[PDB]
Amino acid sequence: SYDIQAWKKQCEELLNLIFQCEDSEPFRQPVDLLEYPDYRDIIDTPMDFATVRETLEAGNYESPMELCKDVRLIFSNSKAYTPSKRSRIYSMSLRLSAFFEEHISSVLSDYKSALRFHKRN
Ligand SMILES: CNC(=O)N1CCN(C(=O)c2ccc(COc3ccccc3)o2)CC1
């Protein structure tokens, strides 16, 4: 299964599934600073799933590993901003992270396998 380009549509489909998840709603668009005035005191690099989708559609990811790094930043930002492990929004982040990691593992494996096949000779 050695298509070097297949990851892109696989990531578009997984982002579609993430946007159907009620657990993604807090992570779809940027944090408003009027509502969370200290957010940028804690978070140096904001990230959200609309920014991930637009970067993909612009042709500004070279690999699914780069997309995976930005999605993982969404979740680490939630973990750093939460005042407790038991917050609503951080609890939604943990379920959505488990869903994402379950689905991205084959996308990464197939891509890396396809690159190794390309360089086999
Ligand atoms: C459009 N998206 C946003 O505005 N976001 C809000 C901030 N955020 C977080 O990841 C996060 C982690 C924990 C919390 C809030 O915790 C509370 C704790 C007790 C009472 C009320 C809230 O927010 C990203 C999504």
Side-chain angles (χ1 to χ4, degrees), residues 1-19 21-121:
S1 298
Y2 304 126
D3 181 345
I4 301 168
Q5 284 93 48
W7 65 275
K8 179 172 183 178
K9 183 155 176 153
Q10 290 163 358
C11 288
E12 290 170 359
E13 295 171 358
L14 175 54
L15 289 167
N16 287 341
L17 291 178
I18 288 169
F19 276 88
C21 289
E22 290 178 5
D23 288 347
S24 76
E25 178 280 347
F27 312 106
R28 284 175 200 160
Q29 319 289 350
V31 179
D32 173 30
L33 290 342
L34 285 168
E35 287 162 355
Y36 300 96
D38 66 330
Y39 185 76
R40 295 304 301 280
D41 306 341
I42 315 306
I43 300 303
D44 277 349
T45 305
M47 189 56 61
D48 66 53
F49 287 104
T51 298
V52 174
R53 183 178 261 174
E54 288 159 15
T55 303
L56 186 64
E57 295 307 83
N60 290 176
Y61 291 125
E62 183 171 28
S63 71
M65 296 83 81
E66 290 177 353
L67 177 144
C68 189
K69 181 171 164 180
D70 281 351
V71 167
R72 288 167 177 178
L73 179 62
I74 299 169
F75 302 134
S76 64
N77 287 345
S78 186
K79 187 163 189 182
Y81 188 69
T82 189
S84 89
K85 300 307 191 164
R86 313 187 35 253
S87 82
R88 173 72 195 272
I89 294 169
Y90 174 66
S91 77
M92 290 163 84
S93 85
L94 295 179
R95 292 190 294 262
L96 193 68
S97 173
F99 176 82
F100 173 76
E101 292 295 334
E102 175 176 294
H103 286 75
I104 203 63
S105 57
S106 62
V107 178
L108 296 167
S109 293
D110 288 358
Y111 175 78
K112 293 178 178 192
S113 168
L115 232 44
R116 290 186 294 265
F117 188 79
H118 192 74
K119 313 186 214 284
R120 71 190 183 283
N121 293 310

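Heads up: numbering here begins at 1 and tracks the sequence. Note that ligands are numbered from 1 as they come in the structure, with each ligand's atoms numbered from 1 the same way.
- Among residues at least two apart or in separate chains, side chain to side chain donor-acceptor pair (under 3.5 Å) pairs with a member in residues 62-75 are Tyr61-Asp70, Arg72-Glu101.
- For the residue pair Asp38/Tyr81, the side-chain donor-acceptor check at 3.5 Å is satisfied.
- The side chain to side chain donor-acceptor pair (under 3.5 Å) test applied to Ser109 returns no partner, not counting sequence neighbours.
- Among the candidates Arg88, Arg28, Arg95, the single residue satisfying the salt bridge (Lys or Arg N to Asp or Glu O under 4.0 Å) test with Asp23 is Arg95.
- Considering only residues two or more places apart in sequence or on other chains, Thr82 meets the side chain to side chain contact (heavy atoms under 4.5 Å, CB included) condition with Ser87, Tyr90.
- Counted within 6.0 Å of CZ on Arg120, heavy atoms from surrounding residues, nucleotides or ligands total more than 12; the atom is thus considered enclosed.
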Return a table of N or O atom pairs, ligand 1 on one side and protein on the other, at distances under 3.5 Å, rounded to 0.1 Å.
{"from": "ligand 1", "atom 1": "2 (N)", "to": "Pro26", "atom 2": "O", "distance (Å)": "2.7"}
{"from": "ligand 1", "atom 1": "10 (O)", "to": "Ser78", "atom 2": "OG", "distance (Å)": "2.9"}

